[PDB]
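Next up: just one chain, as structure tokens, the form deposited in one PDB entry.
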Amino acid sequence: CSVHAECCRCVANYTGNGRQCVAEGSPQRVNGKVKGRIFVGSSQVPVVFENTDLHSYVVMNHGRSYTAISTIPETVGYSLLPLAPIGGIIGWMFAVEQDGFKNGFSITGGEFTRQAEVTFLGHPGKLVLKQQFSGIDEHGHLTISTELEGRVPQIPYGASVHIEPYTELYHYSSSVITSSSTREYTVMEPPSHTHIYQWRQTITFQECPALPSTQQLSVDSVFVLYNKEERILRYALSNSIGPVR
């Protein structure tokens, strides 16, 4: 049990599950490592990177999370721009809660595994993602390990990418949460080009009035950026969890 919970359950002024608790309103950080094995376009030569750093800063106000993945080769940077969900999982974790609806942290305590798959329609292959979250560490920071492997279409160097607001349904059943969504994104050359991809997701965790079978996540103010100079991939978005309306 957490040093801020009773025997578990976080006491007033605090939130989370039993094993992990955080003060209400206070910002949080989610850090870890990223290993990649990505094939761009039709290429047969995969860009491999490892020991890369992921630092995440979340502000509680609007459930806004900022994710920065540093030391990303110019060879994959632009191509990874559409993959905001890599960092979006954290937005789900700390989404603004409505009436009778809890966010990911209240449900998992930051302890869980996530497996996601993405398919870009009209393009071969798919990209598989695997992440592990292990609660708060010795320095008081949440933890996250990320493993990416697969194929992604090619995006022109210097190209830009835009994502409009959207909603996602997270289904709950027996300590397992699943989600499936088809969305679109726009690519703008250094002239626009709209594209669509499909995301599938499975979240596994352990549990000690059951939870709603279905919750809706509302995402807006999304920004994805890649800087060739600093070689830093960034994803930022705001979040709200509640019922379909």
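Heads up, when I say rigid core I mean the largest set of C-alphas that superpose within 1.5 Å between the two forms. Only residues modelled in both forms are compared. All residue numbers refer to positions in the sequence shown, first residue = 1.
Keep in mind that the form solved in complex with a partner chain is missing from the display, and what follows is about it.
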In the deposited complex, does each residue in the set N31, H141 and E230 place a non-hydrogen atom within 4.5 angstroms of the partner chain? yes
Segment that reaches the partner chain in the deposited complex - one of 54-62, 41-49, 198-206, 180-188, heavy atoms within 4.5 Å: 54-62
So in the deposited complex, does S70 come within 4.5 Å of the partner chain, heavy atom to heavy atom? yes
In the deposited complex, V224 touching the partner chain (heavy atom, 4.5 Å): yes
Contact of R9 with the partner chain in the deposited complex (heavy atom, 4.5 Å): no
Whether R234 contacts the partner chain in the deposited complex should be assessed with a 4.5 Å heavy atom distance threshold; does it? yes
If you line up the core, which of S180, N61, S43, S26 has a CA that moves 2 Å or more between this form and the one not shown? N61
Give the consecutive runs of 3+ residues, present in both forms, in which every C-alpha shifts by 2 Å or more between this form and the one not shown after rigid core superposition. 59-62
